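Comments concern the structure below.
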2 protein chains.
Amino acid sequence: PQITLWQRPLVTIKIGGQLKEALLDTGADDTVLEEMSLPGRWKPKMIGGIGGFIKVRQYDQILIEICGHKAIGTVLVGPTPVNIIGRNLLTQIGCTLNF
Amino acid sequence: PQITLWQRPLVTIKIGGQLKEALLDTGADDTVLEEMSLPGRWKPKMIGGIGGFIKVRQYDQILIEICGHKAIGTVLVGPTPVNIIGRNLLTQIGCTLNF
Ligand SMILES: O=C(N[C@@H](Cc1ccccc1)[C@@H](O)C[C@]1(Cc2ccccc2)NC=C([C@@H]2CNC(=O)c3ccccc32)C1=O)O[C@H]1CCOC1
C-alpha cells in the first residue's frame, strides 16, 4: 500500500494486547509509546527534539503488530504527546520513502 | 529515488544559495530549520514537539530545493537539533511511504 502525506500518516498497531493509533515517523530513530506497562526490565534514557527533552524507559525485544505485520524491536515509553513508530520498526516491515 | 530506512533519511537541500543537510521527517507537520537569515518578514508560530511547545519564526513563500526538486512554501526557523523537512514540503515533491 502507498501512503500519501496530505495528512499525518496514522496507522493502527497492536501491543500488550490492545490496539493503538500511531504515527509512522521516518524522522525518529526509535519507537516511543505513551506511558504504559510492559513486562520485563528497562533502562532509563533521555530523548530530545523540539520543546526539549523527556525521560523514557527503554524496553528490548518488544513484539508489535503494525498493519497486520509482526515486527520485534526496541520500544521507549514515556510522556510523549503521540505514539510514534520509528525507523527501527519501519525497516522491519519493509517500509520505504519514495519520490 | 527509493529511500530505505536503515539509516537516517538525510538529503542535501539548497536554500539561499547554500547547501545544507536535512532530515525527511514524516512525523513533522511543518518544516523547521536551524537559525539562519531568511528574506522578508516573519510572524510568530507555536509548534508542538516531543518536549513541549515553542515559539518559532514563520517565513512564507520560501524557495527550497530538495534533492534537485524545487519547492516553494512555509519554512519555520527555531531551536532544533536538525534541519527538518516536514509534510508541507514532502507533499510538494511527491513523497509517499510504501510497504
Ligand atoms: O517534532 C516534531 N516531530 C517529531 C514527532 C512528533 C509529532 C507530533 C508531536 C510531538 C512529536 C519528530 O518527527 C521530529 C524529531 C526531530 C529530531 C531528529 C533527530 C534527533 C532529534 C530530533 N524526530 C524524532 C524526534 C524525537 C525526539 N528525539 C529523538 O531522538 C527521537 C528518538 C525516538 C523517537 C522520537 C524522537 C524529534 O523530535 O514535529 C513538530 C515540529 C514540526 O511539526 C511539529
Side-chain angles (χ1 to χ4, degrees), chain A residues 2-11 22-30 32 47-53 80-82 84-87 90-91 95-99, chain B:
Chain A
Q2 183 171 64
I3 297 175
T4 56
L5 302 169
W6 294 102
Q7 286 75 57
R8 293 194 170 182
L10 294 172
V11 303
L23 184 66
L24 297 182
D25 192 358
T26 59
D29 295 339
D30 290 295
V32 186
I47 56 171
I50 306 301
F53 286 75
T80 175
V82 57
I84 295 165
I85 301 301
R87 299 191 294 99
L90 288 176
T91 59
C95 177
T96 59
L97 212 48
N98 307 74
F99 73 81
Chain B
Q2 177 177 58
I3 299 175
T4 56
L5 302 170
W6 300 97
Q7 298 170 302
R8 288 184 172 180
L10 297 181
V11 295
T12 73
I13 63 176
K14 188 177 188 180
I15 183 181
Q18 66 166 302
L19 299 188
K20 292 197 180 67
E21 172 173 287
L23 174 75
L24 304 183
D25 202 314
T26 60
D29 300 314
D30 301 304
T31 288
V32 186
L33 303 181
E34 298 168 2
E35 172 60 27
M36 69 179 284
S37 69
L38 290 174
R41 54 163 50 210
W42 57 280
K43 68 170 69 180
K45 173 57 173 295
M46 290 285 285
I47 58 176
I50 191 71
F53 292 87
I54 64 168
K55 189 294 302 175
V56 296
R57 311 203 298 284
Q58 184 182 307
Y59 296 78
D60 300 334
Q61 266 71 294
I62 300 300
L63 182 291
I64 176 182
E65 199 172 306
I66 309 172
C67 295
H69 292 279
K70 294 186 181 59
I72 301 180
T74 297
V75 172
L76 311 177
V77 176
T80 176
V82 292
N83 286 320
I84 291 171
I85 301 307
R87 291 193 300 100
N88 73 303
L89 290 187
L90 292 180
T91 54
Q92 278 192 38
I93 65 175
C95 191
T96 57
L97 288 172
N98 308 70
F99 60 69

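Note: hydrogens, waters and symmetry copies are ignored here, and every other heavy atom, side chains too, is used. Each chain gets a letter, A, B and so on, in the order the sequences are listed, and its residues count up from 1.
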Practice task
Return yes if some donor-acceptor pair links the side-chain N/O of A/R8 with the main-chain N/O of B/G27 below 3.5 Å, else return no.
Solution key: no

Handout entry: Steps toward side-chain contact (heavy atoms from CB on, under 4.5 Å) verdict (B/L97, A/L97)
Key = CA-CA 5 Å; B/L97 288 172; A/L97 212 48; 3.4 Å; yes

Handout entry: Side-chain heavy atoms of A/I47 within contact of A/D29, under 4.5 Å
Key = no

Problem - Non-hydrogen side-chain atoms of B/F99 and A/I3 separated by less than 4.5 Å - result: yes

Fill in the blank from the handout: Tested for side-chain hydrogen bond (donor to acceptor under 3.5 Å, both in side chains) against B/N88, the lone hit among B/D30, B/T31, B/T74 is B/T31

Handout entry: B/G49 versus A/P81, closest heavy-atom pair with distance
Key = O-CG, 3.6 Å

Handout entry: Min side-chain heavy-atom separation B/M36-B/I15 under 4.5 Å
Key = yes

Problem - Nearest heavy-atom neighbours spanning B/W42 and B/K55 - result: CZ3-NZ, 4.1 Å

Exercise for the section: Could you pull out the closest heavy-atom pair between B/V82 and B/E34, with the gap in Å? Expected result: CA-OE2, 3.2 Å

Handout entry: Criterion side-chain contact (heavy atoms from CB on, under 4.5 Å) against B/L33, the qualifying member of B/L76, B/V75, B/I62
Key = B/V75

Problem - Point-to-point distance, once rounded to the nearest 0.5 Å, from SG of A/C95 to CG of A/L90 - result: 5.0 Å

Exercise for the section: Could you tell me whether the side chain of A/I85 reaches within less than 4.5 Å of the side chain of A/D25, counting heavy atoms only? Expected result: no

Fill in the blank from the handout: Closest heavy-atom pair, B/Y59 versus B/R41, reported as atoms and distance to 0.1 Å, is CD2-O, 3.9 Å

Practice task
Provide the closest heavy-atom pair for B/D60 versus B/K43 in the form atom of the first, atom of the second, distance.
Solution key: OD2-CE, 4.4 Å

Problem - NZ/B/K70: more than 12 non-hydrogen atoms of other groups inside 6.0 Å - result: no

Handout entry: A/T91 side chain reached by B/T4 side chain, heavy atoms, under 4.5 Å
Key = no

Exercise for the section: Please say whether more than 12 non-hydrogen atoms of neighbouring residues, nucleotides or ligands are located less than 6.0 Å from NZ in B/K45. Expected result: yes

Exercise for the section: Count the heavy atoms of every other residue, nucleotide or ligand shown that sit under 6.0 Å from CD of B/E21, and state whether that count exceeds 12. Expected result: no

Problem - A/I50 side chain near B/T80 side chain, heavy-atom distance below 4.5 Å - result: yes

Exercise for the section: Hey, could you give me the NZ/CG distance between B/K20 and B/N83, rounded to the nearest 0.5 Å? Expected result: 6.5 Å

Exercise for the section: Look up atom CD in B/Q58 and atom CG in B/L38, then write down how far apart they are to the nearest 0.5 Å. Expected result: 12.0 Å

Problem - Minimum heavy-atom distance B/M46-B/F53, with the two atoms named - result: CE-CB, 4.1 Å

Practice task
Determine whether B/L23 and B/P9 make a side-chain contact, defined as any pair of heavy atoms from C-beta on separated by less than 4.5 Å.
Solution key: yes

Handout entry: Residue of the set B/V11, B/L89, B/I84 for which side-chain contact (heavy atoms from CB on, under 4.5 Å) holds with B/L24
Key = B/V11

Handout entry: Side chains of B/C67 and B/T12 in contact at under 4.5 Å (non-hydrogen atoms)
Key = no

